[PDB]
Amino acid sequence: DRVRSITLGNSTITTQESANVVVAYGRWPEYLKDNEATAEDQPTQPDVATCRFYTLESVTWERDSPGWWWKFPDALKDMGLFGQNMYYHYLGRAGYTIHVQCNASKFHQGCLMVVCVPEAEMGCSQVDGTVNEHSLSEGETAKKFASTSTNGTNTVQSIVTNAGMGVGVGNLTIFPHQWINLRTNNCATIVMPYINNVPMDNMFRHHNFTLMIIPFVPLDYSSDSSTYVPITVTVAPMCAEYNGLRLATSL
Amino acid sequence: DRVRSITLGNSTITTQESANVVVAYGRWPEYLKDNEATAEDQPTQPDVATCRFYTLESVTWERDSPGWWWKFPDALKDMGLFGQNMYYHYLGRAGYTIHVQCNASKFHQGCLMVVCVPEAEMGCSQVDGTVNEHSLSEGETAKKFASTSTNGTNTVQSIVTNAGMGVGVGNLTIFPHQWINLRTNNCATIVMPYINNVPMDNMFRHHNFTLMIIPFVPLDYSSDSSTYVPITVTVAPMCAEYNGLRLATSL
Amino acid sequence: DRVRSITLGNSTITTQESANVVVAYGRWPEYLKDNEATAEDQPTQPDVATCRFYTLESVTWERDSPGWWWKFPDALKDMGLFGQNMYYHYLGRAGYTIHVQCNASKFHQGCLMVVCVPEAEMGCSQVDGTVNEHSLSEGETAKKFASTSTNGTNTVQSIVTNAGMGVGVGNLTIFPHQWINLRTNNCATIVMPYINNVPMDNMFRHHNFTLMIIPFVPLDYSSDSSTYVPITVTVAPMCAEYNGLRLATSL
Amino acid sequence: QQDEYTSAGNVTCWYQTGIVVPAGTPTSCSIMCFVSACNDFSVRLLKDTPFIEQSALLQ
Amino acid sequence: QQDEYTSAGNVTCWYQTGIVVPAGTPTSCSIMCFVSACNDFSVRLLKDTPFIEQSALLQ
């Protein structure tokens, strides 16, 4: 009951200590139907060159770590043919499978929350100011939450308790989420469908959802146990569609 | 197979590392029938105000601990409405569910015997003498077995090897019992019916059974493992009946 | 699925952490049939005095241990009535059940290969020389593989990488084998039928197979974990037959 | 807005036996608590909330 | 009351491999042994037991 296998394209993930799988709102990803479309040209569907697991770079979970976030898309814009299909079209559409891995021994302890937040609009550390995109995202590198109130210009207000959105961090369980409790499991898996108020959208302009990893119980260990404990993310697009082919944009 | 849940009244116990349940002699508790009764007045049956789990106070299992015992009833005479129904009636009758909890880590070791002894009559440390009730019982507080032969007046002869009854302690497995082996399980459960030579009896005058907890393999651990390891008892009466209502007695 | 019990004669082995059982080439041991026999006298079949588990003496797995081997038969020639039936007959025939035990804690690590090699012919450390039988076998005591190239006269060339046969040690998986991975299991079991180019043979002259135990990942542990970790072998003959009764030979 | 007339009680936690660990493990641990409502739960009499406020327009 | 004519044998225990532990665990352990009778067991010829005795009445 704890072993699982997931195959997509030419990639496969195995796990021996999984809890279950979260399907965001009971809805699996699927293609756009004819009585819900507005764009008229025939779309392209690569179907194995884009729908496969891509791995980002890892972060180091330390004894005093506030947490991390990524923005999707724009974290996969340099990933193979998914990124190339993003650069040549005006409209795109895709669901995702997210898989977070972190293993440790039976003498370690700690607890992480893994949550996906749709339309996570963030605020600036200067209240009479506006944010820029570098402070929101660094591609495949993670942004870091902070330990206290932040200051200075152009940075995002990132104290963990408010999640940078002006809410209580303990209520983020309203979104699709799982937990990694080091004594129970070593991986989390979330299946996210396409969620928007329009049927397709431009993938450079709009961040569809933010992935947050926040430790509630810090990492602890004793005399000569291993000190280096990394966390790794792996994401696979599903039912990917593109419309509006023209010359390649340049950021 | 190792997970269990027990509900009585407004109380519930869960466990994730249980062995099984011992039913004392294959007999579950039940009410008194008409062709076995002698007292003629209509009995009272409270049925949820008395039949529920009460928790006693805990003891500390140390590296050199001889063991502990309690007497039932008289350990529940100040417990809610069970105690109040005990104080106003002349005759009472009840079975019990006993649950002992003690958890520890996979780096600890030790083994406990949990046994219920009906009619456990005890002897004095002075052989030309008689016992008193304070030396037999302290209510919800446990009496302590000893490490050597005891002396002085008015105390019970309590060296663990003879169990204070003039027998071999290794033969106590003739009674209903279980073991807590720290590498296997963390709780013991015994279901005891009403056992006596008369159908009802006075609950202040007669101790129906003694509960004994005796470690056979002492507690051991290493460099920086946890040193404090407590043991906890929880008891619930079942099919409780009372007869002979008058003014409240006073001890 | 991990618990197993094996009964032979008046002996029984239990295990709680087994992987599976290897049946050498899909063939179980059996008696010789009439259309494959050549010797004409009626054979003897003791059937419980010989077909039972015999235990050899144990070896100590240390941090730098190259490995061990035994030769079968000639390791059971002083074992009860199997050895006595070996001494009075000219021809014998038997299959075997081999069981290797080695347990350790969840804080130890290491990996052993357990392999049975039919007709394991060995070479001398002097290339212009021949081997003797003392260098090949010491009965119930194990021979020891070496750490470097061996020299001197009359000893077997026993550097572990060549397995003393002029092959690569990583290819020995072509033979019937199992692994003992200290985090997974604590015992290996192999069932070997009679394998030869003739239907019966003399048991003093010909070694039918060699048992090799070779650690691929050395034993490791930390501050105050147990240092003594032994390995134990136990072998039981099956479908044992003898022919050609005369006076007892003398080695 | 509960008063003494509609009080509902209290919740408490105690050690039943204690925590036991082997050598090489951190001694201190933590527990977390989650709250939610059952399938017989309901509310009535809508009102404004006291948690949000402003001192002028454009806020 | 067994004599040499009705002897029954002996029981012995040995290390088959040895005990292996990781760091942070006590090295020494203990084993316990229980005895009982099977379903083909029986006795006969009642007698008095030699384990109880007195030197005078009122004991």
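Order-wise, the sequence lines are chains A, B, C, D and E.
When you line the first sequence up against this note's numbering, it's residues 1207 to 1457, in that order.
When you line the second sequence up against this note's numbering, it's residues 1207 to 1457, in that order.
When you line the third sequence up against this note's numbering, it's residues 1207 to 1457, in that order.
When you line the fourth sequence up against this note's numbering, it's residues 1161 to 1219, in that order.
When you line the fifth sequence up against this note's numbering, it's residues 1161 to 1219, in that order.
Every residue gets a Cβ at the ideal spot worked out from N, C-alpha and C, and that includes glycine.
Mind checking whether the beta-carbon of residue 1426 of chain C lies closer than 7 Å to any heavy atom of the ligand SAM? The ligand SAM is absent from the structure shown, which contains no ligand whatsoever.
Which one or two residues does DSSP pair with residue 1180 of chain D in a beta bridge? Along the fourth sequence, read from residue 1 onward, the residue named residue 1180 of chain D stands at position 20. Beta-bridge pairing links residue 1180 of chain D to no other residue.
Can you look up residue 1456 of chain B in the DSSP assignment and give me helix, strand or coil? In the second sequence, the residue the question calls residue 1456 of chain B occupies position 250. Looking at residue 1456 of chain B - three-state DSSP - the assignment turns out to be coil, as it is neither helix nor strand.
Smallest Cα separation from residue 1345 of chain B: which of B:1447, B:1364 and B:1261? In the second sequence, counting from the first residue as 1, residue 1345 of chain B sits at position 139. Of the listed residues, the one whose Cα sits closest to residue 1345 of chain B is B:1261.
Under 9 Å by beta carbon: chain D residues contacting residue 1264 of chain B: By one-based count along the second sequence, residue 1264 of chain B stands at place 58. In chain order: 1174, 1175, 1176, 1177 and 1178.
Which residues, in order along the region 1184-1196 of chain E, keep a beta-carbon less than 8 Å from a beta-carbon of chain C? Correct list: 1184, 1185 and 1187.
Thinking residue 1410 of chain A and residue 1455 of chain A are a contact (beta carbons under 8 Å), I'd like their distance in whole angstroms, please. By one-based count along the first sequence, residue 1410 of chain A stands at place 204. By one-based count along the first sequence, residue 1455 of chain A stands at place 249. Correct: roughly 7 Å between the Cβ atoms.
Closest Cα partner of residue 1178 of chain D within the set B:1422, B:1301, B:1378 and B:1265: Indexing the fourth sequence from 1 puts residue 1178 of chain D at position 18. Checking every option, the nearest Cα to that of residue 1178 of chain D belongs to B:1265.
Coarse secondary structure for residue 1292 of chain B, derived from DSSP in three states: As a position in the second sequence, residue 1292 of chain B is number 86, starting the count at 1. Residue state, collapsed to three classes: helix.
Span separating the alpha-carbon of residue 1292 of chain B from that of residue 1298 of chain B: On the second sequence, position 86 is the one that residue 1292 of chain B refers to. On the second sequence, position 92 is the one that residue 1298 of chain B refers to. Approximately 7 Å, taken between the alpha carbons.
Assuming contact is defined by CB atoms lying nearer than 8 Å, are residue 1252 of chain B and residue 1446 of chain B in contact in what I supplied? In the second sequence, counting from the first residue as 1, residue 1252 of chain B sits at position 46. In the second sequence, counting from the first residue as 1, residue 1446 of chain B sits at position 240. Going by C-beta atoms, residue 1252 of chain B is nearer than 8 Å to residue 1446 of chain B.
Taking the straight line between their C-alpha atoms, what separation do you get for residue 1339 of chain C and residue 1254 of chain C? Position 133 of the third sequence holds residue 1339 of chain C. Position 48 of the third sequence holds residue 1254 of chain C. Spanning the two alpha carbons is a distance of roughly 31 Å.
Unbroken alpha helix (DSSP H) run spanning residue 1340 of chain B, endpoints: The residue given as residue 1340 of chain B occupies position 134 in the second sequence. Residues 1339-1342.
Within the region 1242-1307 of chain B, note down every full beta strand (DSSP E) run reaching 3 residues or more, in order along the chain. 1274-1278 and 1295-1307
Delimiting residues of the beta strand (DSSP E) encompassing residue 1319 of chain A: Translated into the one-based positions of the first sequence, residue 1319 of chain A becomes position 113. From DSSP, the beta strand (DSSP E) with residue 1319 of chain A extends over 1315-1324.
In the DSSP output, which residue or residues are listed as bridge partners for residue 1397 of chain A? Within the first sequence, residue 1397 of chain A is the residue found at index 191, counting from 1. Partner(s): A:1229 and A:1303.
Apart from the five residues on each side of it in sequence, which residues of its chain come closer than 7 Å, Cβ to Cβ, to residue 1233 of chain C? Locating residue 1233 of chain C in the third sequence gives position 27, where the first residue counts as 1. Taken in chain order, the residues that qualify are 1399.
Residue 1362 of chain C - DSSP class collapsed to helix/strand/coil: If you number the third sequence from 1, residue 1362 of chain C lands on position 156. It is a strand residue.
Does the region 1352-1365 of chain C come close enough to the region 1329-1337 of chain C that 3 or more CB-CB pairs lie under 8 Å? yes
Confirm, please, whether the CB-CB distance from residue 1350 of chain A to residue 1343 of chain A is below 8 Å. Residue mapping note: residue 1343 of chain A aligns to position 137 of the first sequence, counting from 1. Residue mapping note: residue 1350 of chain A aligns to position 144 of the first sequence, counting from 1. Going by C-beta atoms, residue 1343 of chain A is not nearer than 8 Å to residue 1350 of chain A.
How about the region 1218-1226 of chain C and the region 1427-1442 of chain B: do they share at least three Cβ pairs that are nearer than 8 Å? no
By Cβ distance, which residues of its chain are closer than 8 Å to residue 1356 of chain C, with the 5 residues on each side in sequence left out? Translated into positions along the third sequence, residue 1356 of chain C becomes position 150. Counting only Cβ-Cβ distances below 8 Å, and skipping sequence neighbours, we find 1331, 1362, 1363, 1364 and 1365.
For the structure I just gave you, are there three or more beta carbon pairs, one from the region 1184-1201 of chain D and one from the region 1377-1397 of chain C, closer than 8 Å? no
Touch check for the region 1418-1425 of chain B and the region 1237-1245 of chain B: three-plus C-beta pairs under 8 Å? no
What residue from C:1369, C:1256, C:1319 and C:1379 has the CA that sits closest to residue 1216 of chain C's CA? To locate residue 1216 of chain C, count along the third sequence from 1; it is residue 10. Nearest option by C-alpha distance: C:1256.
Any idea what DSSP makes of residue 1240 of chain C, helix, strand or coil? In the third sequence, residue 1240 of chain C corresponds to position 34, counting from 1. Secondary structure at residue 1240 of chain C: helix, using DSSP grouped into helix, strand and coil.
Can you confirm whether residue 1210 of chain D, when its beta carbon is compared against all beta carbons of chain E, has any partner nearer than 8 Å? On the fourth sequence, position 50 is the one that residue 1210 of chain D refers to. It does not; no Cβ of chain E falls within 8 Å.
State the CB to CB distance for the pair residue 1386 of chain A and residue 1306 of chain A, rounded to an integer number of angstroms; the pair is presumed to be in contact (CB under 8 Å). Mapped onto the first sequence, residue 1386 of chain A falls at position 180. Mapped onto the first sequence, residue 1306 of chain A falls at position 100. With a contact defined as Cβ atoms closer than 8 Å, residue 1386 of chain A and residue 1306 of chain A qualify at about 7 Å.
As assigned by DSSP and simplified to three states, the class of residue 1419 of chain A: One-based indexing of the first sequence puts residue 1419 of chain A at position 213. DSSP places residue 1419 of chain A in strand when its eight states are reduced to three.
Does DSSP put residue 1209 of chain A in a helix, a strand or coil? The residue given as residue 1209 of chain A occupies position 3 in the first sequence. Three-state DSSP puts residue 1209 of chain A in coil, outside helix and strand.
If you follow the beta strand (DSSP E) that residue 1451 of chain C is part of, which residue opens it and which one closes it? Mapped onto the third sequence, residue 1451 of chain C falls at position 245. That run of the beta strand (DSSP E) goes 1436-1451.
Buried or exposed by the 16-neighbour rule on C-beta atoms within 10 Å, applied to residue 1274 of chain C: For this step, residue 1274 of chain C is matched to residue 68 along the third sequence. With 16 or more Cβ atoms within 10 Å of its Cβ, residue 1274 of chain C is classed as buried.
For residue 1171 of chain D, return the contacting residues in chain B, with the cut-off set at a CB-CB distance below 9 Å. Counting from one through the fourth sequence, the residue named residue 1171 of chain D turns up at place 11. Within chain B, no residue comes near residue 1171 of chain D; the closest Cβ sits about 13 Å away, beyond 9 Å.
Under the three-state DSSP convention, the category residue 1380 of chain A falls into: Taking the first residue of the first sequence as 1, we reach residue 1380 of chain A at position 174. Here residue 1380 of chain A sits in helix by DSSP.
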